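Engineer: these chains are from a complex, not moved at all, and more is on the way:
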Amino acid sequence: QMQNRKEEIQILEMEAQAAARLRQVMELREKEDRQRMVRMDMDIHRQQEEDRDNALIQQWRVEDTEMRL
Amino acid sequence: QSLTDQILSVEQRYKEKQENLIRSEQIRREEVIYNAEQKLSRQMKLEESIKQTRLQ
Amino acid sequence: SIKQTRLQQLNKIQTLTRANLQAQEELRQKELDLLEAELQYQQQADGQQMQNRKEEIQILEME
Amino acid sequence: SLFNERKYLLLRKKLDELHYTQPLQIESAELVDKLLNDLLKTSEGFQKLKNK
Amino acid sequence: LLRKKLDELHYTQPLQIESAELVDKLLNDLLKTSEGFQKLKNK
Amino acid sequence: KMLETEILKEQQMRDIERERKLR
Amino acid sequence: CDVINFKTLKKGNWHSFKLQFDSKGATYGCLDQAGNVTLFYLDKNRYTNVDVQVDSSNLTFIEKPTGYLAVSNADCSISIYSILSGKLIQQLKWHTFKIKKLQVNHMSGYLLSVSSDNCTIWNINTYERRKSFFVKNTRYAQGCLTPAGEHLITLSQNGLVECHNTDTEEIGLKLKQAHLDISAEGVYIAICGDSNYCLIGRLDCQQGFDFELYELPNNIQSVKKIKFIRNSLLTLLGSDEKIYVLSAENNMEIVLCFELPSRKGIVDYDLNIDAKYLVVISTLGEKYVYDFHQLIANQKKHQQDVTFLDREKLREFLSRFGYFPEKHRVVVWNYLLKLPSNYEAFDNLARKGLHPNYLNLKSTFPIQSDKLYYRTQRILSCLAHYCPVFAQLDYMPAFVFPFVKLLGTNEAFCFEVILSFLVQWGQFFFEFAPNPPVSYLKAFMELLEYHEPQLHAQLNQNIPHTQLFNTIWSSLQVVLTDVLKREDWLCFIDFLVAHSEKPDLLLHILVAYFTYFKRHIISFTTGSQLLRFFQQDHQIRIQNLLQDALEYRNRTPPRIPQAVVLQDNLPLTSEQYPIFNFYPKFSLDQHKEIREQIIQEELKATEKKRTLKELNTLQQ
Amino acid sequence: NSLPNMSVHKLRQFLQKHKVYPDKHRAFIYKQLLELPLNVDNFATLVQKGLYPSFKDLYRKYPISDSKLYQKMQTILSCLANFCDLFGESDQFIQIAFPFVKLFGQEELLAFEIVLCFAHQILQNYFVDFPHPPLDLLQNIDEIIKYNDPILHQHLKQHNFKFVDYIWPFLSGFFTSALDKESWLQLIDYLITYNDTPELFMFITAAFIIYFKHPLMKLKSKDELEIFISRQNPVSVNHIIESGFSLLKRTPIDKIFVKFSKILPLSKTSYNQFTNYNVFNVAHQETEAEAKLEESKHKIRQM
Amino acid sequence: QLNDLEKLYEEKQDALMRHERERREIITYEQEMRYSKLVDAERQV
């Protein structure tokens, strides 16, 4: 058993490393997913401003008219 | 303890779905209500009818 | 058997966690863009009408 | 839907900075992200092996 | 028959024929990247 | 990024305000 | 590229993923994400966007003309269940352990169902089990029938293979997933799974149970699905989500691989027996329906040159005594209707405050009683609070009143009774909301035809459909308190409740009154005449008619596509009432084909005019 | 008012069997039980600075007609919004202020402080992220539910009913959303002694699930969650709260994924900012009255 | 044993398996856009 053991021991010791880094990896990939989610939310803030630009367009037409009238 | 740690990893992959599940509502609801707000652009079309009326 | 048990738990938990992060990469980005794409894409319709504005404005400038 | 466009941008944009010519049929390009990385990583791996 | 280079490189996808004009750059970049990569690991 | 954006975007108001003030 | 999308064809929870097609070629279906099954039929060529309420993994076609297809559920039972005529005609519960391979050799009729411990053969006409290959520790990975007539092929968890001729070696791959298919001629066996192989044995077992491990070319690493196609082609869906069609004669000689833009790969697929059409379903649930022959020919030729109490006692009691008095009615009906006496759920519908949708009732129901209309408001409002579709459709007092007047001496009872009335009896009553439940009533109208196809033939000839629907609905909105009698109607409700096991009778009974009068209906042309006619106090004889209608129900095969086929939704849940789909959002098609053409005209006209007023630039 | 001769200990049982309050006098029951660190300083600061651009429930997605709710809710939102930006914009935090003024508010200070104390003891994990609802609690609830009868979950998961799906009406969508006005019945006065739990609102959320397995076990399609949920049916509340409580006593912390801190947010010198708030993803609502005013003016000039 | 049999790979081989479709669309940008430019410009006989 001491011989088969060598294989069992090396695999758990490395399997543990899968976990040693997966613990770092999940935190990293979760970060990426999360940041992509944040980027939307901040893009939406910019989209609020996009609508403001259309409000400005109407304001501009009103001024063209009131300034002329 | 290995299971506790395996469990914490397993629990976190469920949270991963929670992010997607939340987006499945947060995106969708804001998007439809601000599709409704795009009809204010239709009501910008309104001005062409008005300007044309002014011209005619 | 305990080691194989623990090892299989880790082997497949680790394998699937990673296989899942990959499956989810496709799905999570879709969760945002599937709809945001249309909002911003269809809003080109406003940009499109800038041309009508150019003409009406000049009709009116000249009127 | 159009996520792919976020990267069609990003990827046509960056492959062309490396001065590649692009003469083909058309089919949703949100993908070279990893080839830029693979050629670049191989090239970096190479530099690293060179340094080694 | 450009497919074969991709198959050896194992870059799996349905292929066009109808594609020479770019496969010819990018896969040579893969075959050779820095070929010294293969030689350096040996060195 | 968003702050500097917001700021420079905000100051476009001041230019709009200049036009509104003019009339 | 013909495309089927079910999200419009009955919007609901879809993302269809596994396709299946029948041997008559007019029967189709698909397994959706919930394990729900949607079937489709040609012949009427009606969209038939009707599902099967299962939690399945496998839909297997049955030759029965209306299918009642065999469905392997999550609980491992097999439901013999259609949508056409609905009806879960048999719940063939038997198996435990997920049935993985369900298939029928319709050459004679022979159903194979493979679980890991036991492969069994069922005889389709009764679905009796005739043979059980229960084998200790086989842990069958798979197995299938050789259609030639007939062999069962066994494939063990450990990669071992053996064949069992129905009148009584290995692969060596310890696959977790394994998929088997057999050629149409029953001469090839093809196996694929987790490993990259087109594992071919012959059946025609010149190899014994040995297989040739042909490695699939390039892109296949493993597969998701296997199917023999048309003749001697074998088609695999790779793990690469692409489909490769190979020719056994030349081993591979891949004849076809083409999936529309690869951004939408293939999750699963199936072939119509008329092999000219193959349908593959994308990972997004898109069904790419296409001429298969044309598609092979296209890629292959294009690239060619490239180099007392108790229901039974009650049925007799309520027929011989006739009806039943009030002090005891709650007992008899709670029993017959399986009511929970979910008093906590009811009481909390009753007390929140104001109910603004029906304050109000005297304008449609000017009964001069300020306590009785109130009783109606209370139940009616509880029902709409429970499900607001009931105020849309504010017609509800039409039946809430006669039942609150009767049964609604007891409010909790009446409310639950009514949910039974809407939950199991009037199942289609809300599907065209806010308008009359017409298509829906088509189940009813067809039933008028089914009981007397002279009467319905003349009704369609004389009264022009829409008004008959309105006539029938208003009769079904109350129900027969207006029709037949204000007080003697009751016989039919005690009858229906005695027969609460048979929800179809709500419709069989209003039918029955049409069929009672017969020749006296034939001369009528309008709903205003029929409405009042059926409301005339003609002598009935409801004890004959009811009981005859019961037989009418029991005199026909379950092959009838009665729009909404009713199911037993009678028992209600405790604590809170059951969630029920009292909702519309269905298409009638034709008026949108019309609206569509109209909007195109409205908008091109608008643009031609806006465009024409380039004149405005020139003019101003 | 500040003569606390009656112990909260007497109230712990009273509150369960005789329920909690006169609707017009609960303010002096509630604050004794919740602990509001009131002094003369911060509210005035929050009142003096104030409002406005984030206010979506005021003539955007929601109206206010009653001046006790209009002119007055403006103070609670202003305070909370500028106290912490998360309240100012977050939907599920906005929804606490909404009923606190509706229910209290007259009582301006108390509706505000009550919101902050509540936010500190309960809503500490009701954020997790933002725009997001509390993803972690959608998970914490499945963990408590698995303990408290796991078959419901096996079935729900079997048909792809995941997080949010059947949880949100009360959890993540805010605890007043699925219950009616007089049914959740100022639940905050009721769970005021069980804020000292992870939260008892978690147990209760689980209790609006599970005990509802009879109808939840009938869900085959998500189509039905919308049918189930939009009714915002309170069911009982009373026996949900009670099963929630008994679940607390029999649910060791060992079964709880999300930890909640022992928060007693009291200071005579300070008020705690909610800290779990994604400051970076906030302070962006709109009003933009001119967006439409200009049409009126355009028409006037064109006319 | 191969605790590192996964993840690092997710930022590797997709390269060209996936660049193969990239090879078709980031192309419109230089060749079709050029194709019709030079062909519609055939007007300049």
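Structural biologist: It's in. Numbering: from 1, shown residues only, chains lettered A, B, ... in the order given.
Engineer: For residue F:5, give its distance to chain H.
Structural biologist: 12 Å (CB to the nearest CB, to the nearest Å). The C-beta positions use only the backbone N, C-alpha and C, and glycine is treated the same way.
Engineer: Tell me which helix or strand that residue sits in.
Structural biologist: Take DSSP states H and E as the rule and residue F:5 turns out to sit in helix F:2-10.
Engineer: which helices and strands does whichever helix or strand comes after that helix pack with?
Structural biologist: Using DSSP H and E, the helix or strand that follows helix F:2-10 towards the C-terminus is helix F:12-22. With contacts taken as 3 or more CB pairs under 8 Å, 6 or more residues apart in numbering or on different chains; DSSP states H and E, helix F:12-22 sits against helix A:4-68.
Engineer: And chain H, is the helix it packs on touching that?
Structural biologist: Yes: on the criterion CB under 8 Å from any CB of the partner chain, helix A:4-68 is in touch with chain H at A:34, A:37-38, A:41-42, A:44-45, A:48, A:51-52, A:54-55, A:58-59, A:61-62, A:65-66.
Engineer: Who are the contact partners of residue 14?
Structural biologist: In the absence of a named chain, chain A is used. I:1-4 (CB atoms under 8 Å, 6 or more residues apart in numbering or on different chains).
Engineer: could you do chain I instead?
Structural biologist: D:31, D:34-35 are the contacts of residue I:14 under CB under 8 Å, 6+ apart.
Engineer: Contact partners for residue A:52?
Structural biologist: When the contact criterion is CB under 8 Å, 6+ apart, the partners of residue A:52 are residue H:288.
Engineer: Roughly how far does it sit from chain G?
Structural biologist: For residue A:52, the distance to chain G - CB to the nearest CB - is 27 Å.
Engineer: Centre of chain B to the edge, which residue is at the far end?
Structural biologist: For chain B, the residue at maximal distance from the C-alpha centroid (CA atoms, centre = their mean) is residue B:56, at 41.4 Å.
Engineer: what about the nearest residue to that one once chain neighbours are set aside, helix or strand, and which?
Structural biologist: Of all residues not flanking residue B:56 in the chain, residue G:616 sits nearest, at 6.8 Å (CB to CB, 6 or more residues apart in numbering or on different chains). According to DSSP H and E, residue G:616 maps onto helix G:615-619.
Engineer: Who are the packing partners of that helix?
Structural biologist: helix B:39-55, helix C:50-62.
Engineer: ok, and which of those helices has the densest surroundings?
Structural biologist: helix B:39-55 (a mean of 15; mean count of other CB atoms under 10 Å in any protein chain shown).
Engineer: I'd like to know which elements it is packed against.
Structural biologist: helix A:4-68, helix C:44-48, helix C:50-62, helix G:615-619, helix H:290-302.
Engineer: can you add chain J next? sequence is:
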Amino acid sequence: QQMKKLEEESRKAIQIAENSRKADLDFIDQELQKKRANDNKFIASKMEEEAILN
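Structural biologist: Below, chain J sits with the chains from the block before:
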């Protein structure tokens, strides 16, 4: 020995991935700030002369 290379691997598992991804974030942020400035400039200067002329 490999345990030491493996603890060292946190740095050789490439701490600099952080530096690289961060650099990409700092970088792309600036690239997009420039795109913003361009769109903001389109709007910021498009005005006013008519009103002042009028």
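Engineer: same question on what packs on helix F:12-22, but now with chain J added
Structural biologist: Against helix F:12-22 (3+ CB pairs under 8 Å, 6+ apart) you get helix A:4-68, helix J:16-45, helix J:49-53.
Engineer: what's residue F:1 in contact with, if anything?
Structural biologist: J:29, J:32-33, J:36.
Engineer: Out of those, which end up buried?
Structural biologist: Applying 16 or more other CB atoms under 10 Å in any protein chain shown to the contacts of residue F:1, the neighbour count classes residue J:36 as buried.
Engineer: before we move on, back to that, and the helix holding residue F:5, anywhere near chain A?
Structural biologist: Yes: using CB under 8 Å from any CB, a contact is recorded between helix F:2-10 and chain A, made by F:2, F:5, F:9.
Engineer: Could you restrict the residues you listed to the ones contacting chain C?
Structural biologist: Within those, nothing lies near chain C by CB under 8 Å from any CB.
Engineer: Backbone torsions only: list them for residue G:192.
Structural biologist: phi -140, psi 170 (degrees, to the nearest 10).
Engineer: Look at it and say how many residues are nearby.
Structural biologist: Using other CB atoms under 10 Å in any protein chain shown, residue G:192 has 27 neighbouring residues.
Engineer: if I look at it, how far off is residue G:414?
Structural biologist: 60 Å (CB to CB, to the nearest Å).
Engineer: check contacts around residue G:169.
Structural biologist: G:160-162, G:208-210.
Engineer: Tell me the gap between the helix holding residue G:616 and the middle of its chain.
Structural biologist: 61 Å (CA atoms, centre = their mean, to the nearest Å).
Engineer: who's in contact with it?
Structural biologist: B:52, B:55-56, C:55, C:58-59.
Engineer: Tabulate those (JSON lines), appending distance to chain J.
Structural biologist: Shown next, in JSON lines, are the contacts of helix G:615-619 (distance: CB to the nearest CB, whole Å):
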{"residue": "B:52", "distance to chain J": "22"}
{"residue": "B:55", "distance to chain J": "19"}
{"residue": "B:56", "distance to chain J": "24"}
{"residue": "C:55", "distance to chain J": "17"}
{"residue": "C:58", "distance to chain J": "13"}
{"residue": "C:59", "distance to chain J": "16"}
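Engineer: For those residues, which two are the farthest from each other?
Structural biologist: B:56 and C:58 (16.5 Å; CB to CB).
Engineer: from chain F, which residue is nearest to chain E?
Structural biologist: Residue nearest to chain E within chain F: residue F:1 (33.8 Å; CB to the nearest CB).
Engineer: got the residues of chain I near chain E?
Structural biologist: Going by CB under 8 Å from any CB, the residues of chain I near chain E are I:13, I:15-21, I:23-24, I:27.
Engineer: How many neighbouring residues does residue F:11 have?
Structural biologist: Counted with other CB under 10 Å, residue F:11 comes out at 13.
Engineer: who touches the nearest residue to it once chain neighbours are set aside in this structure?
Structural biologist: Leaving aside its sequence neighbours, residue F:11 sits nearest to residue J:44 (CB to CB, 6+ apart; 7.8 Å). By CB under 8 Å, 6+ apart, the residues touching residue J:44 are F:8, F:11-12, F:15.
Engineer: Chain K goes on too:
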Amino acid sequence: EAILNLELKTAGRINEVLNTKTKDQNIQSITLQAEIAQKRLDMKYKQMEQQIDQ
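Structural biologist: Next up, chain K placed on what we already have:
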């Protein structure tokens, strides 16, 4: 190995501090830059109001 795990848990704890304190200081810098960008508004706006009068 007992000894080496001591050393390489110690290195780990050290890295915990190094990585998080490096990042902490980097965010302090970005934070002040952004915050200052906000404070300069208010510094400018005092005169913006005066300018608006005339």
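Engineer: quick recheck of what packs on helix F:12-22 now chain K is there?
Structural biologist: Using 3+ CB pairs under 8 Å, 6+ apart, helix F:12-22 is in contact with helix A:4-68, helix J:16-45, helix J:49-53, helix K:2-53.
Engineer: And the strands in chain D?
Structural biologist: Using DSSP state E, chain D contains no strands.
Engineer: so who does the residue most central in space within it touch?
Structural biologist: Chain D has residue D:36 as the residue nearest its centroid, 3.0 Å off, counting by CA atoms, centre = their mean. Residues counted as contacts of residue D:36 (CB under 8 Å, 6+ apart) are D:11, D:14-15, D:18.
Engineer: So among the residues you listed, which ones count as buried?
Structural biologist: In these, the ones that pass as buried (16+ other CB under 10 Å) are D:11, D:15.
Engineer: what's the closest of the contacts of residue D:36 to residue K:23?
Structural biologist: residue D:14 (27.4 Å).
Engineer: contacting residues around whichever residue of chain D sits closest to chain K?
Structural biologist: Among the residues of chain D, residue D:48 lies closest to chain K, at 22.3 Å counting by CB to the nearest CB. With contact set as CB under 8 Å, 6+ apart, residue D:48 has no partners.
Engineer: got it, and the one 4 residues further on?
Structural biologist: Residues touching residue D:52, when contacts are defined by CB under 8 Å, 6+ apart, comprise residue E:40.
Engineer: ok, now residue G:191?
Structural biologist: By CB under 8 Å, 6+ apart, the neighbours of residue G:191 are G:142, G:155, G:171, G:178-181, G:197, G:199-201, G:211, G:226.
Engineer: same check, this time on residue I:21
Structural biologist: D:27-29, D:31, E:13, G:261-263.
Engineer: Run a quick neighbour tally on the closest residue to residue H:297 other than its chain neighbours.
Structural biologist: Closest residue to residue H:297 apart from its sequence neighbours, by CB to CB, 6+ apart: residue A:62 at 5.2 Å. When neighbours are defined as other CB under 10 Å, residue A:62 has 22 of them.
Engineer: tell me the contacts of residue A:62?
Structural biologist: H:294, H:297-298, H:301.
Engineer: what do you get for residue B:9?
Structural biologist: A:19, A:22-23, A:26, C:13-14, C:17.
Engineer: show me which of these neighbour chain D.
Structural biologist: Okay, of these, nothing touches chain D (CB under 8 Å from any CB).
Engineer: Any of the contacts of residue I:21 buried? List them.
Structural biologist: By 16+ other CB under 10 Å, the contacts of residue I:21 give D:27-29, D:31, E:13, G:262-263 as buried.
Engineer: give me every residue that touches residue 37.
Structural biologist: Unless you meant another one, I'm taking chain A. Contacts of residue A:37 by CB under 8 Å, 6+ apart are B:19, B:23, C:28, C:32, H:132.
Engineer: you looked at the wrong chain, it should be chain J
Structural biologist: residue F:8.
Engineer: One more pass at 10 Å, please.
Structural biologist: F:4-5, F:8, J:44 (CB atoms under 10 Å, 6 or more residues apart in numbering or on different chains).
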